[PDB]
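Student: This one is model.csv, CSV, C-alpha atoms.
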chain,number,residue,atom,x,y,z
A,1,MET,CA,125.4,88.2,-252.1
A,2,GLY,CA,127.5,91.4,-252.4
A,3,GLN,CA,125.9,94.7,-251.2
A,4,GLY,CA,122.2,95.0,-250.1
A,5,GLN,CA,119.7,97.7,-248.9
A,6,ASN,CA,118.5,97.8,-245.2
A,7,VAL,CA,115.1,98.9,-243.6
A,8,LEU,CA,117.0,101.8,-241.9
A,9,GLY,CA,118.5,103.1,-245.2
A,10,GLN,CA,115.6,104.6,-247.2
A,11,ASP,CA,111.9,104.5,-248.1
A,12,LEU,CA,108.8,102.5,-246.7
A,13,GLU,CA,105.9,103.7,-249.0
A,14,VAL,CA,103.2,101.5,-250.7
A,15,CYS,CA,102.9,101.6,-254.6
A,16,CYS,CA,100.6,99.2,-256.6
A,17,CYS,CA,102.8,96.1,-255.6
A,18,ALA,CA,104.8,97.3,-258.7
A,19,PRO,CA,107.1,100.4,-259.8
A,20,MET,CA,104.2,101.9,-261.8
A,21,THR,CA,101.0,103.1,-259.9
A,22,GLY,CA,98.2,101.2,-261.7
A,23,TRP,CA,94.9,102.5,-260.1
A,24,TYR,CA,92.5,99.5,-260.2
A,25,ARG,CA,92.7,99.4,-256.3
A,26,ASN,CA,95.5,96.7,-256.0
A,27,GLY,CA,98.8,97.1,-253.9
A,28,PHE,CA,97.9,100.5,-252.4
A,29,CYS,CA,95.7,98.8,-249.7
A,30,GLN,CA,93.9,102.2,-249.0
A,31,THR,CA,90.5,100.6,-248.2
A,32,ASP,CA,90.7,102.4,-244.7
A,33,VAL,CA,88.8,105.8,-245.1
A,34,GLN,CA,91.5,107.5,-242.9
A,35,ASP,CA,92.4,105.2,-240.0
A,36,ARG,CA,89.5,102.8,-239.1
A,37,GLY,CA,88.5,100.3,-241.8
A,38,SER,CA,86.2,97.5,-240.4
A,39,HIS,CA,87.6,93.9,-240.8
A,40,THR,CA,90.2,94.4,-243.6
A,41,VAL,CA,93.2,92.0,-243.2
A,42,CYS,CA,95.2,90.5,-246.2
A,43,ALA,CA,97.9,88.2,-244.8
A,44,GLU,CA,99.3,84.8,-246.0
A,45,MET,CA,99.4,81.8,-243.5
A,46,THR,CA,101.4,78.6,-244.4
A,47,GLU,CA,100.2,74.9,-244.2
A,48,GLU,CA,103.2,74.0,-242.0
A,49,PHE,CA,102.0,76.5,-239.3
A,50,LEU,CA,98.2,75.8,-239.9
A,51,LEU,CA,98.5,71.9,-239.5
A,52,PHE,CA,100.5,72.5,-236.3
A,53,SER,CA,97.9,74.9,-234.8
A,54,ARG,CA,95.1,72.6,-236.0
A,55,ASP,CA,96.3,69.4,-234.1
A,56,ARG,CA,97.4,71.6,-231.1
A,57,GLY,CA,93.7,71.8,-229.9
A,58,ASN,CA,91.4,73.5,-232.5
A,59,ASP,CA,90.5,72.5,-236.1
A,60,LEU,CA,91.5,75.4,-238.4
A,61,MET,CA,90.0,73.0,-241.1
A,62,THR,CA,87.5,70.2,-240.3
A,63,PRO,CA,88.2,67.1,-237.9
A,64,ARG,CA,88.8,65.0,-241.1
A,65,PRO,CA,92.3,63.8,-242.7
A,66,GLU,CA,90.9,65.2,-246.0
A,67,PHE,CA,91.6,68.8,-247.3
A,68,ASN,CA,88.0,69.9,-246.3
A,69,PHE,CA,88.1,73.6,-245.0
A,70,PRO,CA,85.0,75.9,-244.1
A,71,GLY,CA,86.8,79.1,-245.4
A,72,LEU,CA,90.4,80.7,-245.7
A,73,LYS,CA,92.9,77.8,-246.0
A,74,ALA,CA,96.8,77.8,-246.2
A,75,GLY,CA,98.0,80.5,-248.7
A,76,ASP,CA,94.8,82.7,-249.0
A,77,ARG,CA,96.4,86.2,-249.0
A,78,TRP,CA,92.9,88.0,-248.8
A,79,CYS,CA,90.3,88.3,-246.0
A,80,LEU,CA,92.6,86.3,-243.7
A,81,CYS,CA,91.4,85.8,-240.1
A,82,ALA,CA,93.5,88.3,-238.1
A,83,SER,CA,93.0,86.1,-234.9
A,84,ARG,CA,94.8,83.1,-236.7
A,85,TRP,CA,98.0,85.1,-237.7
A,86,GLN,CA,98.0,86.6,-234.2
A,87,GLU,CA,97.5,83.1,-232.6
A,88,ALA,CA,100.6,81.6,-234.4
A,89,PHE,CA,102.6,84.7,-233.3
A,90,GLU,CA,101.7,84.0,-229.6
A,91,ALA,CA,102.5,80.3,-230.2
A,92,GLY,CA,106.1,81.5,-230.8
A,93,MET,CA,106.0,80.7,-234.6
A,94,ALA,CA,104.5,83.4,-237.0
A,95,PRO,CA,104.9,83.1,-241.0
A,96,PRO,CA,106.4,85.9,-243.2
A,97,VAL,CA,103.4,88.4,-243.3
A,98,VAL,CA,102.8,91.0,-246.1
A,99,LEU,CA,103.4,94.5,-244.4
A,100,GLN,CA,102.5,95.9,-247.9
A,101,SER,CA,99.0,94.2,-248.3
A,102,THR,CA,98.0,94.1,-244.6
A,103,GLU,CA,95.6,97.1,-244.0
A,104,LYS,CA,95.4,99.5,-241.0
A,105,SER,CA,92.1,97.8,-239.7
A,106,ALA,CA,94.3,94.7,-238.9
A,107,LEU,CA,96.0,96.5,-235.9
A,108,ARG,CA,92.8,96.1,-233.8
A,109,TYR,CA,93.0,92.3,-233.5
A,110,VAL,CA,96.7,92.2,-234.2
A,111,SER,CA,99.5,94.8,-233.6
A,112,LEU,CA,102.0,96.6,-236.0
A,113,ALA,CA,105.0,95.2,-233.9
A,114,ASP,CA,103.7,91.6,-234.5
A,115,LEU,CA,103.6,92.3,-238.3
A,116,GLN,CA,107.1,93.9,-238.6
A,117,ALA,CA,108.7,91.2,-236.3
A,118,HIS,CA,107.9,88.6,-239.0
A,119,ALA,CA,107.7,90.8,-242.1
A,120,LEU,CA,107.9,89.5,-245.8
A,121,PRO,CA,111.2,89.7,-248.0
A,122,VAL,CA,111.4,93.5,-248.4
A,123,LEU,CA,112.0,93.8,-252.2
A,124,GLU,CA,112.9,97.4,-253.2
A,125,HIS,CA,110.5,98.7,-255.9
A,126,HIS,CA,111.5,101.9,-257.8
A,127,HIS,CA,109.1,104.7,-256.5
A,128,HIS,CA,108.2,106.8,-259.6
A,129,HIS,CA,106.3,109.2,-257.2
A,130,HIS,CA,109.6,111.3,-257.3
Just dump the structure as structure tokens.
Tutor:
Amino acid sequence: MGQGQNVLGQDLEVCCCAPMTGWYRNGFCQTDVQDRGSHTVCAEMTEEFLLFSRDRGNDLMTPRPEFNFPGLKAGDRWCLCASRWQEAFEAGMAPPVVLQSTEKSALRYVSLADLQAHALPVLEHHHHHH
């Protein structure tokens, strides 16, 4: 409560997922050489949305009531199937996706507008780049 900062106010730059720029290749997400990466999407899908889309008419896991998945389950923010995030957006649902960690290669299966529409909680990090 009280006063709060808006998206229209100031800033929208990426920085280590933290106020200090720690170069170990973390929250900079600069794996794209300039524009085109290849298949780089880091996004976090929830179990609420994934169990819904599973029993809609396609097993996101296996056809078993057990927690058996082939690859990328609920909460894997890393190498996330761009088609799955995009599918739950088109289903009129879409979880809070990380605009910070999602790379530019994502926009070829997905779109920017779909990301920003259901963006994560925009926490203001103090940019020491100034």
Student: Rank nothing, just name the residue among A:108, A:129, A:56, A:36 nearest to residue 16 (chain A), using only C-alpha atoms.
Tutor: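 Comparing A:108, A:129, A:56, A:36 against residue 16 (chain A), the winner is A:129.
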Student: Identify which of the residues A:51, A:106, A:115, A:122 lies closest to residue 35 (chain A), counting all atoms listed in the file when measuring atom-to-atom distances.
Tutor: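 Residue with the minimum atom-to-atom distance to residue 35 (chain A): A:106.
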Student: Have a look at CA of residue 82 (chain A) and CA of residue 5 (chain A) and let me know their distance in Å, one decimal.
Tutor: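 CA of residue 82 (chain A) sits 29.9 Å away from CA of residue 5 (chain A).
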Student: Would you mind telling me which residue in A:90, A:103, A:66, A:59 lies nearest to residue 40 (chain A) when using all atoms listed in the file?
Tutor: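 Smallest separation from residue 40 (chain A) among the options: A:103.
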Student: Tell me which of A:15, A:7, A:50, A:116 sits closest to residue 69 (chain A), counting only C-alpha atoms.
Tutor: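 Answer, going by the shortest atom-to-atom distance: A:50.
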Student: I need the residue nearest residue 105 (chain A) from this list: A:12, A:74, A:120, A:41. Use all atoms listed in the file for the distance.
Tutor: A:41
Student: Would you pick out the contacts of residue 127 (chain A) at 9 Å or less, using only C-alpha atoms, so that residues sharing its chain but fewer than 3 positions from it are not included, and give the list as a ChimeraX atom specification?
Tutor: /A:11,13-15,18-21,124,130
Student: May I have the residues within 10 Å of residue 71 (chain A) as a PDB file with C-alpha atoms, keeping the file's coordinate frame, using all atoms listed in the file and disregarding those fewer than 2 positions away in the same chain?
Tutor:
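Result file out03.pdb:
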ATOM      1  CA  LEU A  60      91.500  75.400-238.400  1.00  0.00           C
ATOM      2  CA  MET A  61      90.000  73.000-241.100  1.00  0.00           C
ATOM      3  CA  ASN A  68      88.000  69.900-246.300  1.00  0.00           C
ATOM      4  CA  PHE A  69      88.100  73.600-245.000  1.00  0.00           C
ATOM      5  CA  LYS A  73      92.900  77.800-246.000  1.00  0.00           C
ATOM      6  CA  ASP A  76      94.800  82.700-249.000  1.00  0.00           C
ATOM      7  CA  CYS A  79      90.300  88.300-246.000  1.00  0.00           C
ATOM      8  CA  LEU A  80      92.600  86.300-243.700  1.00  0.00           C
ATOM      9  CA  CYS A  81      91.400  85.800-240.100  1.00  0.00           C
TER      10      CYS A  81
END
Student: Would you mind telling me which residue in A:93, A:99, A:123, A:107 lies nearest to residue 29 (chain A) when using all atoms listed in the file?
Tutor: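 Of A:93, A:99, A:123, A:107, the one nearest residue 29 (chain A), counting all atoms listed in the file, is A:99.
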Student: CA of residue 37 (chain A) to CA of residue 104 (chain A): how many Å, to one decimal?
Tutor: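 Straight-line distance from CA of residue 37 (chain A) to CA of residue 104 (chain A) works out to 7.0 Å.
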Student: Separation of CA of residue 22 (chain A) and CA of residue 38 (chain A), in Å?
Tutor: 24.7 Å
